[PDB]
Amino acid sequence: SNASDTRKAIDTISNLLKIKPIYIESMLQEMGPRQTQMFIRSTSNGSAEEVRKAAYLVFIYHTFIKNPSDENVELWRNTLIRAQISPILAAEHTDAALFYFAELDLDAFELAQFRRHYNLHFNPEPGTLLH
């Protein structure tokens, strides 16, 4: 069911974030074959909650992995917010990144510092301020 599940995963995530499919396909290209198959299967067969987890992988890919500039991070953070997804980035999101993009040989320390600086810089400290 590889072909059908691949299109469903791409459509479901792109529809959730309201972005063009190319942004999902580009991320898949940089996952290894087994990692892609696992990601596709969990996203096409998962609840709405499993699709929301995939939104954070999209964010990590387009920011930390491809372009971590403040301007680009603000762009992708607002995409989460516009999808009613919390912009808070949690440890389970970056740990999931470390598997799915394992072939990229990501720096686990730098990824952890990216998450820490991202939450500090962009998510304002009084938690009841959701902007």
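Numbering starts at 1 and follows the sequence shown.
According to the PDB record, 119-127 carries the higher mean C-alpha B-factor of the two stretches 119-127 and 7-15.
If you average the C-alpha B-factors over 16-24 and over 106-114, the higher value belongs to 106-114. The PDB entry gives the largest Cα B-factor of the residues 48, 57, 83, 65 to 48. Comparing C-alpha B-factors across 98, 38, 73, 89 in the deposited entry, the largest value falls on 98. For residue 69, the recorded CA temperature factor ranks within the middle third of the chain's modelled residues.
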